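Peer 1: Have a look at this one before I ask anything.
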Amino acid sequence: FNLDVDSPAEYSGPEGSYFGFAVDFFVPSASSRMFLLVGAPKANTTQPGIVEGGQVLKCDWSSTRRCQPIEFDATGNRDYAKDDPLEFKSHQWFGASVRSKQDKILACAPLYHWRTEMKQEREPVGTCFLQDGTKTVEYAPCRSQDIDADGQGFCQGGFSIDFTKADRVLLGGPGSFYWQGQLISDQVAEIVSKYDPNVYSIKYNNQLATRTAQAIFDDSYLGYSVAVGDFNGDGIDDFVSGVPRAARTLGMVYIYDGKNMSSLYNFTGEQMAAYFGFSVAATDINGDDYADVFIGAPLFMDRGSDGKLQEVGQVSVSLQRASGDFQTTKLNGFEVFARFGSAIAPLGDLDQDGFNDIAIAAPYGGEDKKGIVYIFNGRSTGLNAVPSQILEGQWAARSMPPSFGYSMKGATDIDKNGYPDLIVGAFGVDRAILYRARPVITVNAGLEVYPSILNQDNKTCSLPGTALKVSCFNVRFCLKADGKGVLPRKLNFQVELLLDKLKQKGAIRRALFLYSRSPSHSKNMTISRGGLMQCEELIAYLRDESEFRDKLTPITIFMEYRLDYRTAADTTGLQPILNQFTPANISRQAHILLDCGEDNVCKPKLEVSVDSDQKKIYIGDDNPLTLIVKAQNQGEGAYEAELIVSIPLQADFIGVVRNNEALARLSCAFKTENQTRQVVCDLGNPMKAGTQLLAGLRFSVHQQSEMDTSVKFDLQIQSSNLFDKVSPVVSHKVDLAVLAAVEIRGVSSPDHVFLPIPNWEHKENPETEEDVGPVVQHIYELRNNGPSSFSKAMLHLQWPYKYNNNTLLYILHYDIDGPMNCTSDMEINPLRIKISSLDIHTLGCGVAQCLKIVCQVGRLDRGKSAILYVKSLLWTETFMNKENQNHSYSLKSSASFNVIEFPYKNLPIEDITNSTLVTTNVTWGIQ
Amino acid sequence: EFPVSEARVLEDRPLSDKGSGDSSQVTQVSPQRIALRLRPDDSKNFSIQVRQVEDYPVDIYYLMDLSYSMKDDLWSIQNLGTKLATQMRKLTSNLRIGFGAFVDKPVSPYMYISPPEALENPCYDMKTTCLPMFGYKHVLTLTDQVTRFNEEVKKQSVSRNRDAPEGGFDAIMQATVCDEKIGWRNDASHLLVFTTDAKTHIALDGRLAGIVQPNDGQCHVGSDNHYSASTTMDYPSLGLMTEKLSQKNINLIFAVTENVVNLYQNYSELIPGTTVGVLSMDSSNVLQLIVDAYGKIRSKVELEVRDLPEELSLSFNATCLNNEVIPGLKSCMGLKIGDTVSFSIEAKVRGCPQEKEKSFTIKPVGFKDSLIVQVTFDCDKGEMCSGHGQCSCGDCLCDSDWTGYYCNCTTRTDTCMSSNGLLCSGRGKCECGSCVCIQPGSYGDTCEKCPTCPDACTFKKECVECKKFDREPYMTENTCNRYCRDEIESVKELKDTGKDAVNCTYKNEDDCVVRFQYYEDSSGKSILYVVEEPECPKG
Ligand SMILES: *[C@@H]1O[C@H](CO)[C@@H](O[C@@H]2O[C@H](CO)[C@@H](O)[C@H](O)[C@H]2NC(C)=O)[C@H](O)[C@H]1NC(C)=O
Ligand SMILES: *[C@@H]1O[C@H](CO)[C@@H](O[C@@H]2O[C@H](CO)[C@@H](O)[C@H](O)[C@H]2NC(C)=O)[C@H](O)[C@H]1NC(C)=O
Ligand SMILES: *[C@@H]1O[C@H](CO)[C@@H](O[C@@H]2O[C@H](CO)[C@@H](O)[C@H](O)[C@H]2NC(C)=O)[C@H](O)[C@H]1NC(C)=O
Ligand SMILES: *[C@@H]1O[C@H](CO)[C@@H](O[C@@H]2O[C@H](CO)[C@@H](O)[C@H](O)[C@H]2NC(C)=O)[C@H](O)[C@H]1NC(C)=O
Ligand SMILES: *[C@@H]1O[C@H](CO)[C@@H](O[C@H]2O[C@H](CO)[C@@H](O)[C@H](O)[C@H]2NC(C)=O)[C@H](O)[C@H]1NC(C)=O
Ligand SMILES: *[C@@H]1O[C@H](CO)[C@@H](O[C@H]2O[C@H](CO)[C@@H](O)[C@H](O)[C@H]2NC(C)=O)[C@H](O)[C@H]1NC(C)=O
Ligand SMILES: *[C@@H]1O[C@H](CO)[C@@H](O[C@H]2O[C@H](CO)[C@@H](O)[C@H](O)[C@H]2NC(C)=O)[C@H](O)[C@H]1NC(C)=O
Ligand SMILES: *[C@@H]1O[C@H](CO)[C@@H](O)[C@H](O)[C@H]1NC(C)=O
Ligand SMILES: *[C@@H]1O[C@H](CO)[C@@H](O)[C@H](O)[C@H]1NC(C)=O
Ligand SMILES: *[C@@H]1O[C@H](CO)[C@@H](O)[C@H](O)[C@H]1NC(C)=O
Ligand SMILES: *[C@@H]1O[C@H](CO)[C@@H](O)[C@H](O)[C@H]1NC(C)=O
Ligand SMILES: [Ca+2]
Ligand SMILES: [Ca+2]
Ligand SMILES: [Ca+2]
Ligand SMILES: [Ca+2]
Ligand SMILES: [Ca+2]
Ligand SMILES: [Ca+2]
């Protein structure tokens, strides 16, 4: 969380050479000193006829800053014939990508143009170069025989590179095939031990590579960015590559394996044109060894309070579950237009807390598009979404934006100390910077005053000037501080003691030090060892009664403490920093004996009761719950009186009830310090004697489900008194209940069919819908709305069917949406009528013969419904244009349901039922 | 006391359908100014009206893809300009007209590299020679000579590229930030028709080509009229396109071929106020496409803010139909050119800060006229004061675009979106971002879902009994037009054959049986074919 920013290493390069576009740490196993690798595409070189071939500079940490080039290739453009080069190195952007194992470094040139061996051409296939101190070999996995865009001609491999644990360089070419892109992983000592300076192809032995996909997959840009880690079983790392144009500009992120190169897990952006995949990274952010993927979408647009879209970008941070699945989260940028996940760079431990950090970067953030670097830290819970620091760039702008943070690397420690480091690259001002992490001192304090309770008429310590024996009380402060790297031996702290801090500028400060009178004593200590609390004590007294009114407002002692510099390394000292989550403030309370007489000490009688009202929390939703507490002190005084409400997991504290007049507005406040959740309330420091409190505490219990059956809270008061400091703990369980308001909506599509029917012929033996009648479609929906979800229910539907052995509303079939299955006691669509191919009015079962469709439902949560879609069609024999009055019919449909089973078991269930009917009136309209 | 005031200051009144306004300096927004002196923690209310003034001058810039595929296109478009004017004339007096051409960044991987030099000039393989690579050329600024358009265009020649996706976003940007060259009238309705058949390069795609400098958003053209930084500056981000589109009040229309349609809609869904129209293979369909969008352009009044001190917050309660209101919204749709609407805003600062003129504006998207509001402030252990969640102290003063006791609630309606645009599908009300359906037996984020709800043949009934019978409700609430947006028509006896729509039937007050049909295709159709002469009881 804390690197040095007072004085970081300022490395520079030439004007316009994009010095810093790519960075890395060089750590040769053949030597003791580490270095800096800085890509510099667009850098003129001494290669004949080659303009801006770019280069790579090796920069020395040895405080000198002299960092000039790396001897890669000094040969200009090769030839295929007399006046016709075979390759074109001018403007190759060599340096854009720079990785390096140890002693092994791979630099590439993604814009390296090649003439085919075939016809005259200038295709951008790109090449890499792998140096090894002495031996330098060219690595062009795309300079294959096959050319043109339909092949690997515009591959631009080397666009991104990366080494695996067992040395196996992963590589990308966004233009392979039709810009689909492709990954190529080749073993190192295969790449070396196969290099023949006289061939432009080179079949590689154990080569892993992706194939040409289908047409629709063009312009996806696979291999745009690449990272490597283990996402499958054990062993070797797998290939993680970001495809910013996958899908429909949505962007995807593929993870192939390092052995088969077969596809594994995929990731997809949620918004178009956001470049989900511009950058990626695999690192374990929560100490449990399982690589975690991080994917950048620098152009993402979220929503501001105003509701409008802002271009700020998000960083999808997917955690790896041991089950093979993921627990993805998200993290949005801060300012608009500063790309945010524009460059993810996982570090190690800028704190050594046992969890890895990571630095996301907005190259256009901060004032004047100077770019900043937010350095998020890690925790077992996942990644802490709050920038523990922000590396603000400091370079103007000369021709274009500085792009500080556009490229960055950090994970190896360049200096002495046991903490990592970071290299950032601002190529708009042509420079790269080294940020040295500082030592993290964690320090425990500890302070307590001797007599805690003060007797005014106490005679023990003679005053300074005079000899007027006065009421003594001593207080000793102490502290230990152990580091974790290059720093120890002299952790020197400037401590401060203060008496009666509650006393403002009023000056009724009734506590001072012995040999010197004032509520303020100054002092500086020292320490070093792990468990060596180097201490000290001081004599303090209390002013006379005849010079101050009090009535008990605890005489609090105070302690402040801070480190000092010249506590670091030789090569320009690195001042440590105390861990962010440790306070340089500790303070205890001193009281005065008052009313604690007769027996001489306060022994309170304590009690808290609860009525247990509104005992009912329906499983499912946010159930509001208030607790009426009755804090009571019946004994003598009771210092630091306080209520300890122990709430459950699915608890959550809101506040104290003010809306109600008759209640107490306690100074309550939720807390979790230890593996315990609890509401803590101030019940009046000296809770007097016979004092009675009765406040209310509101919450909102969250469902769990088969949590057995009841949710309990635990009440107990406590205090700093020596005798009877607490009260008998009172527990209170609130009972979980079940409520699931299920309802059954129903509706006929053509609810009203006017019977004179537009041109219809009476067929002898029908074959199609047009031959029978108009469609009539009944729709039935069972919907559970109640908080509590159910696990099993039954749907019974009675359909008309016939009447006097005469059909009415012939069913063609039915469909289902949701967890439900059905069965018609009779065969549906006997006459197998396919599509086109080219007793009054009411007819509602009991009157007619039924076709009963029974259905089995099971699992309708809070807001889910199950639907039956029946598709029938009037037989049109609802005619009889003669005898009585064939006028007015109803064709009633009816469907009931019954909830038979829920997930909860120990709670009292009740069967839920009801029904609904659906009519379709076929009337004679003109007559 | 120290009363808070909202003294209106300047206020020409809406120019009742007077686009050509003879020295009446045409105004669409009611009070062109105003001023409020807010005391600490106090708010103040004020109305604001805006009108779609009839006969408003249109400016239309024709930006077409100049790829080989736009061969047939450039044929049945030369005749346009003239053909265009006649239709647009029945909608405007002063019609400006311009043109522009683009293809893709004339560079390395996009351009036809430099294989033989016999390529920096043509489409060599296929013998059909063409023009070289350009990216964004500006030929013909917006002028009166709707015929002179036919000139330049007939004189336009095609080109060819390797990469499927073209480099248009680059053009769409220049043909906006470059007002002077393009010639955009201040008081006029700016349009930018974007025609194409292929995908497109978004920002960051240009890294391949070796371009790492991001679009600055400035105007980059020279005397010659070709986008100069095309080869040195990456494609503009969907957002920068937005920022600049609103700022120059230019209307982007996406006239594209069906093959790549659905893609350009989501690009629209990200660029608010953008219109998409299905273009044709041969591209003849183009004008009947433009003159359709204009309608869409002038049928909405999305009210947009600009600047505005963080301290004061605006709350709106729009109203765009017979004084029935709709609290919360600040925009309106379904309006015909000429109608007027009002909004009613409310400034309110959370503890007056330090002085200055502090002047912010208010105006509808696309309009030039706006309400400039200059604000001034007359005011010269713990804190259980909360439960948090943006909630401050004192006793819980919520923040801008946050309401409710706990500061739980929002002021956002975007959440309560919908496909048809209408708030909560028109079956529910937006409550703290989330809709709360006025349940007709429905559910869903925006109450979209309602399988139990009555077939359309029961929803449209009220429409044909209105726009074709002058009866029933809506005829009663005066909301028969703005509401029944549908375009009815009397079917010559029998109706349609196309089995991609539904046919209804019903009995009217008159006890007669009406038979109609609900259809909908190509570019958002919804005709209500009504069989003429319903079957009534003979006698
Ligand atoms: C590298 O040297 C070249 C030439 O000396 C510089 O520019 C090239 O040549 C002219 C010189 O002004 C430029 O106009 C061209 O743009 C360059 N060549 C090409 C093919 O574009 C170039 O500026 C120098 N580079 C650096 C980083 O200093
Ligand atoms: C991850 O995404 C890729 C691309 O969408 C999937 O790979 C495609 O799978 C189909 C299925 O047969 C193949 O025919 C295509 O050739 C593949 N395309 C490419 C570009 O590789 C892959 O299956 C997806 N899912 C997983 C789990 O990898
Ligand atoms: C001592 O008093 C407190 C103890 O930390 C400090 O006041 C703030 O305490 C809160 C804890 O809720 C922190 O979040 C703030 O950051 C603290 N304030 C500041 C300025 O950091 C106070 O800083 C301490 N002062 C000293 C000299 O020890
Ligand atoms: C079909 O007709 C029946 C009755 O003929 C309708 O059912 C009810 O009928 C009584 C007649 O006394 C009315 O008072 C009720 O209001 C009717 N119920 C409803 C819900 O309207 C039935 O409604 C008709 N079918 C449809 C789809 O409306
Ligand atoms: C059946 O449906 C609902 C319960 O979800 C209730 O319906 C009754 O309640 C109201 C009575 O005026 C109305 O909403 C309904 O029309 C009415 N229906 C009937 C038939 O009276 C009712 O409580 C439920 N009944 C059961 C047994 O669950
Ligand atoms: C935020 O809004 C909710 C909206 O109701 C409020 O809390 C409610 O919680 C339930 C719904 O979520 C309701 O059934 C309760 O009646 C209501 N409870 C309370 C204490 O208001 C409340 O304003 C906010 N939520 C919380 C936990 O305060
Ligand atoms: C209801 O709509 C269908 C089309 O959606 C109408 O069918 C039309 O097309 C059929 C074959 O394509 C023809 O057989 C029909 O004659 C034709 N309709 C007309 C009016 O020409 C169908 O006819 C409509 N219903 C009725 C009663 O006309
Ligand atoms: C590799 O083999 C095939 C794909 O090549 C696949 O079935 C298998 O799961 C992969 N992993 C291992 C360990 O074989
Ligand atoms: C005097 O100091 C304290 C505080 O007044 C008092 O309680 C006690 O009797 C004396 N000190 C000791 C050590 O007894
Ligand atoms: C754009 O919108 C469509 C609408 O169906 C949806 O599938 C998705 O959001 C996007 N689809 C495509 C092809 O872009
Ligand atoms: C919205 O509701 C009405 C509409 O005019 C009015 O009270 C005001 O504009 C808004 N509400 C408040 C409290 O101001
Ligand atoms: Ca593996
Ligand atoms: Ca993990
Ligand atoms: Ca860490
Ligand atoms: Ca270090
Ligand atoms: Ca006592
Ligand atoms: Ca065409």
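Naming works like this for the structure tokens: A, B, ... for the chains as they're shown, residue 1 at the start of each chain, ligands 1 onward in shown order.
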Tell me, counting only C-alpha atoms, for each residue of chain B within 8 Å of chain A, which pair of atoms is nearest and how far apart they are in Å to one decimal, in rows ordered by chain and increasing number, as a Markdown table.
Peer 2:
```
| residue | atom | partner | partner_atom | distance |
| --- | --- | --- | --- | --- |
| B:109 | CA | A:154 | CA | 7.1 |
| B:113 | CA | A:122 | CA | 6.7 |
| B:114 | CA | A:122 | CA | 6.4 |
| B:115 | CA | A:121 | CA | 4.2 |
| B:116 | CA | A:120 | CA | 6.3 |
| B:202 | CA | A:273 | CA | 6.3 |
| B:203 | CA | A:273 | CA | 7.7 |
| B:204 | CA | A:275 | CA | 7.5 |
| B:208 | CA | A:156 | CA | 7.8 |
| B:209 | CA | A:111 | CA | 7.9 |
| B:210 | CA | A:111 | CA | 7.5 |
| B:213 | CA | A:400 | CA | 6.7 |
| B:237 | CA | A:299 | CA | 7.2 |
| B:238 | CA | A:273 | CA | 7.2 |
| B:239 | CA | A:311 | CA | 5.8 |
| B:263 | CA | A:248 | CA | 7.0 |
| B:266 | CA | A:272 | CA | 7.3 |
| B:267 | CA | A:272 | CA | 7.2 |
| B:270 | CA | A:309 | CA | 7.9 |
| B:382 | CA | A:667 | CA | 7.9 |
| B:384 | CA | A:667 | CA | 6.7 |
| B:386 | CA | A:655 | CA | 8.0 |
| B:387 | CA | A:654 | CA | 6.1 |
| B:400 | CA | A:305 | CA | 7.6 |
| B:401 | CA | A:305 | CA | 5.6 |
| B:402 | CA | A:305 | CA | 7.7 |
| B:411 | CA | A:306 | CA | 7.9 |
| B:412 | CA | A:307 | CA | 5.8 |
| B:413 | CA | A:307 | CA | 7.6 |
| B:414 | CA | A:307 | CA | 6.2 |
| B:441 | CA | A:745 | CA | 7.0 |
| B:451 | CA | A:779 | CA | 7.5 |
| B:452 | CA | A:747 | CA | 5.6 |
| B:453 | CA | A:747 | CA | 7.3 |
| B:454 | CA | A:749 | CA | 6.4 |
| B:455 | CA | A:749 | CA | 5.5 |
| B:457 | CA | A:750 | CA | 8.0 |
| B:505 | CA | A:754 | CA | 7.7 |
| B:506 | CA | A:754 | CA | 7.7 |
| B:512 | CA | A:926 | CA | 7.5 |
| B:513 | CA | A:925 | CA | 7.5 |
| B:535 | CA | A:926 | CA | 7.3 |
| B:536 | CA | A:926 | CA | 6.4 |
| B:537 | CA | A:926 | CA | 5.2 |
```
Peer 1: List the neighbours of region 161-163 of chain B out to 8 Å using only C-alpha atoms; skip same-chain residues closer than 3 positions along the sequence, and give me the result as a PyMOL selection string.
Peer 2: chain B and resi 67+103-104+109-112+133+166
Peer 1: Identify, on the basis of only C-alpha atoms, every residue whose closest approach to residue 907 (chain A) does not exceed 9 Å; exclude the query and any residue fewer than 3 positions from it along the same chain; express the result as a ChimeraX atom specification.
Peer 2: /A:706,708-709,736-738,904
Peer 1: Would you write out those residues with N, CA, C and O atoms, as a CSV table (one decimal), in the first residue's frame?
Peer 2:
```csv
chain,number,residue,atom,x,y,z
A,706,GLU,N,-33.5,-22.8,6.1
A,706,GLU,CA,-33.8,-24.0,7.0
A,706,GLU,C,-32.9,-23.9,8.2
A,706,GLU,O,-32.3,-24.9,8.6
A,708,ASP,N,-33.0,-24.0,10.8
A,708,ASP,CA,-33.6,-24.7,11.9
A,708,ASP,C,-35.0,-23.9,12.0
A,708,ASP,O,-35.8,-24.0,11.0
A,709,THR,N,-35.1,-23.0,12.9
A,709,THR,CA,-36.4,-22.3,13.0
A,709,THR,C,-36.4,-20.9,13.6
A,709,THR,O,-37.4,-20.2,13.4
A,736,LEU,N,-38.7,-17.6,12.9
A,736,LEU,CA,-38.8,-17.6,11.5
A,736,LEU,C,-40.1,-18.2,11.1
A,736,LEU,O,-40.5,-19.2,11.7
A,737,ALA,N,-40.8,-17.6,10.2
A,737,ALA,CA,-42.1,-18.1,9.7
A,737,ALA,C,-42.2,-18.3,8.2
A,737,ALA,O,-41.3,-17.9,7.5
A,738,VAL,N,-43.3,-18.9,7.7
A,738,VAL,CA,-43.4,-19.1,6.3
A,738,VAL,C,-44.7,-18.5,5.7
A,738,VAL,O,-45.8,-18.6,6.2
A,904,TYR,N,-38.3,-25.6,3.8
A,904,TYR,CA,-38.2,-25.5,5.3
A,904,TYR,C,-39.0,-26.7,5.8
A,904,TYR,O,-39.9,-27.1,5.1
```
Peer 1: Neighbours of ligand 2 at 6 Å or closer, counting only C-alpha atoms and all ligand atoms: which residues, as a list in words?
Peer 2: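 Counting only what the definition allows, namely only C-alpha atoms and all ligand atoms, the set is residues 213, 214, 217, 263, 264, 265 and 266 of chain A.
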Peer 1: Show me, as a list in words, the residues that have an atom within 10 Å of residue 583 (chain A) when counting only C-alpha atoms, minus same-chain residues fewer than 5 positions from it.
Peer 2: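 Final neighbour list, sorted by chain and number: residues 443, 444, 445, 560, 561 and 578 of chain A.
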Peer 1: With C-alpha atoms retained, could you export that selection as a PDB file, in the first residue's frame?
Peer 2:
```
ATOM      1  CA  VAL A 443       3.515  -1.441  16.257  1.00  0.00           C
ATOM      2  CA  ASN A 444       1.421  -2.374  19.280  1.00  0.00           C
ATOM      3  CA  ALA A 445       0.951   0.270  21.969  1.00  0.00           C
ATOM      4  CA  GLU A 560       0.050   9.712  20.631  1.00  0.00           C
ATOM      5  CA  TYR A 561       3.174   8.230  19.021  1.00  0.00           C
ATOM      6  CA  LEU A 578       3.427   2.223  10.054  1.00  0.00           C
TER       7      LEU A 578
END
```
Peer 1: Apply DSSP to the backbone of this structure and, from region 161-268 of chain A, keep only the residues in strand (DSSP E); write these as JSON, numbers by chain.
Peer 2: {"A": [161, 162, 170, 171, 172, 173, 182, 183, 184, 185, 186, 207, 208, 209, 225, 226, 227, 228, 229, 238, 239, 240, 241, 242, 243, 252, 253, 254, 255, 256, 257, 263, 264, 265]}
Peer 1: Each residue of chain A with at least one atom at most 8 Å from ligand 12 should appear once, together with its nearest atom pair and the corresponding distance in Å (one decimal); atoms considered: only C-alpha atoms and all ligand atoms; ordering: chain, then increasing residue number; output as a Markdown table.
Peer 2:
```
| residue | atom | partner | partner_atom_place_in_ligand_line | distance |
| --- | --- | --- | --- | --- |
| A:229 | CA | ligand 12 | 1 (Ca) | 7.6 |
| A:230 | CA | ligand 12 | 1 (Ca) | 4.8 |
| A:231 | CA | ligand 12 | 1 (Ca) | 5.9 |
| A:232 | CA | ligand 12 | 1 (Ca) | 4.6 |
| A:233 | CA | ligand 12 | 1 (Ca) | 5.9 |
| A:234 | CA | ligand 12 | 1 (Ca) | 5.6 |
| A:235 | CA | ligand 12 | 1 (Ca) | 5.1 |
| A:236 | CA | ligand 12 | 1 (Ca) | 4.3 |
| A:237 | CA | ligand 12 | 1 (Ca) | 4.7 |
| A:238 | CA | ligand 12 | 1 (Ca) | 5.1 |
| A:257 | CA | ligand 12 | 1 (Ca) | 5.5 |
| A:258 | CA | ligand 12 | 1 (Ca) | 5.8 |
| A:259 | CA | ligand 12 | 1 (Ca) | 7.2 |
```
Peer 1: What's the separation between atom 1 (C, counted along the ligand's line) of ligand 10 and CA of residue 246 (chain A), in Å to one decimal place?
Peer 2: 13.7 Å
Peer 1: Show me which residues line ligand 15, defined as having an atom within 10 Å of a ligand atom where only C-alpha atoms and all ligand atoms count, and present them as number ranges by chain.
Peer 2: A: 3-4, 349-350, 410-422, 434-439, 485-486, 574
Peer 1: When the cut-off is 6 Å and you count only C-alpha atoms and all ligand atoms, which residues lie near ligand 1, shown as a ChimeraX atom specification?
Peer 2: /A:15-17,42-44,51-52
Peer 1: Keeping only N, CA and C atoms, take the residues you just selected and write them out as a PDB file, in the first residue's frame.
Peer 2:
```
ATOM      1  N   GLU A  15      13.861  12.012 -27.490  1.00  0.00           N
ATOM      2  CA  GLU A  15      12.658  12.708 -27.940  1.00  0.00           C
ATOM      3  C   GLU A  15      11.894  12.052 -29.070  1.00  0.00           C
ATOM      4  N   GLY A  16      10.830  11.338 -28.717  1.00  0.00           N
ATOM      5  CA  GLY A  16      10.003  10.690 -29.720  1.00  0.00           C
ATOM      6  C   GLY A  16      10.250   9.211 -29.900  1.00  0.00           C
ATOM      7  N   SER A  17      11.120   8.666 -29.061  1.00  0.00           N
ATOM      8  CA  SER A  17      11.477   7.260 -29.119  1.00  0.00           C
ATOM      9  C   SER A  17      10.563   6.359 -28.297  1.00  0.00           C
ATOM     10  N   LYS A  42      10.081   3.323 -32.115  1.00  0.00           N
ATOM     11  CA  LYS A  42      10.258   4.670 -32.682  1.00  0.00           C
ATOM     12  C   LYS A  42      11.605   5.332 -32.281  1.00  0.00           C
ATOM     13  N   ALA A  43      12.647   4.516 -32.111  1.00  0.00           N
ATOM     14  CA  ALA A  43      13.991   4.990 -31.754  1.00  0.00           C
ATOM     15  C   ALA A  43      14.936   4.692 -32.906  1.00  0.00           C
ATOM     16  N   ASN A  44      15.522   5.743 -33.475  1.00  0.00           N
ATOM     17  CA  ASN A  44      16.451   5.594 -34.593  1.00  0.00           C
ATOM     18  C   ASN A  44      17.657   4.747 -34.201  1.00  0.00           C
ATOM     19  N   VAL A  51      15.217   3.290 -40.367  1.00  0.00           N
ATOM     20  CA  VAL A  51      14.732   4.470 -39.649  1.00  0.00           C
ATOM     21  C   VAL A  51      13.660   4.096 -38.619  1.00  0.00           C
ATOM     22  N   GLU A  52      13.951   4.338 -37.340  1.00  0.00           N
ATOM     23  CA  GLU A  52      13.027   4.022 -36.239  1.00  0.00           C
ATOM     24  C   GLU A  52      12.733   2.525 -36.131  1.00  0.00           C
TER      25      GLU A  52
END
```
Peer 1: Check which residues of chain A sit at most 7 Å from ligand 4 using only C-alpha atoms and all ligand atoms, and return one row each with the closest pair of atoms and their distance in Å to one decimal, ordered by chain and rising number, as a tab-separated table.
Peer 2:
```
residue	atom	partner	partner_atom_place_in_ligand_line	distance
A:751	CA	ligand 4	27 (C)	4.4
A:752	CA	ligand 4	27 (C)	6.0
A:841	CA	ligand 4	5 (O)	6.8
A:890	CA	ligand 4	1 (C)	5.7
A:919	CA	ligand 4	25 (N)	5.1
A:920	CA	ligand 4	27 (C)	5.6
A:921	CA	ligand 4	1 (C)	4.9
```
Peer 1: Check every protein, DNA and RNA residue against ligand 17, keep those with an atom at most 9 Å away (counting only C-alpha atoms and all ligand atoms), and present them as a list in words.
Peer 2: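 Sorted by chain and then by number, the residues are residues 68, 69, 70, 71, 72, 73, 74, 196, 197, 257, 280, 281, 282 and 283 of chain B.
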Peer 1: Go ahead and write the selection's residues with N, CA and C atoms as a CSV table (one decimal), in the first residue's frame.
Peer 2:
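Final output, part_34.csv:
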```csv
chain,number,residue,atom,x,y,z
B,68,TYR,N,-15.8,-0.3,-52.3
B,68,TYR,CA,-16.3,-0.8,-53.6
B,68,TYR,C,-17.7,-1.2,-53.5
B,69,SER,N,-18.2,-1.8,-52.5
B,69,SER,CA,-19.6,-2.2,-52.3
B,69,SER,C,-20.6,-1.0,-52.5
B,70,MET,N,-20.1,0.2,-52.3
B,70,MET,CA,-20.9,1.4,-52.5
B,70,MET,C,-20.8,1.9,-53.9
B,71,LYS,N,-20.8,0.9,-54.8
B,71,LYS,CA,-20.7,1.2,-56.2
B,71,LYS,C,-22.1,1.6,-56.7
B,72,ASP,N,-23.0,0.5,-56.6
B,72,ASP,CA,-24.4,0.6,-56.9
B,72,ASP,C,-25.0,1.8,-56.1
B,73,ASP,N,-24.5,2.0,-54.9
B,73,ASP,CA,-25.0,3.0,-54.0
B,73,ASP,C,-24.8,4.4,-54.6
B,74,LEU,N,-23.6,4.7,-55.0
B,74,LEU,CA,-23.2,6.0,-55.6
B,74,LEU,C,-23.9,6.3,-56.9
B,196,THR,N,-23.6,3.1,-44.4
B,196,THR,CA,-22.6,2.1,-44.5
B,196,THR,C,-23.1,0.7,-44.5
B,197,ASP,N,-22.3,-0.3,-45.0
B,197,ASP,CA,-22.6,-1.7,-45.1
B,197,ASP,C,-21.7,-2.6,-44.3
B,257,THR,N,-27.0,-1.1,-44.0
B,257,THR,CA,-27.6,-2.3,-44.6
B,257,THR,C,-27.9,-3.4,-43.6
B,280,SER,N,-30.6,0.3,-47.7
B,280,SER,CA,-30.8,-0.7,-48.8
B,280,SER,C,-29.4,-1.1,-49.4
B,281,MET,N,-29.4,-2.2,-50.1
B,281,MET,CA,-28.3,-2.7,-50.8
B,281,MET,C,-27.8,-1.7,-51.9
B,282,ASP,N,-28.7,-1.3,-52.7
B,282,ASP,CA,-28.5,-0.3,-53.8
B,282,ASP,C,-28.5,1.2,-53.2
B,283,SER,N,-29.0,1.3,-52.0
B,283,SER,CA,-29.1,2.6,-51.3
B,283,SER,C,-30.2,3.6,-51.8
```
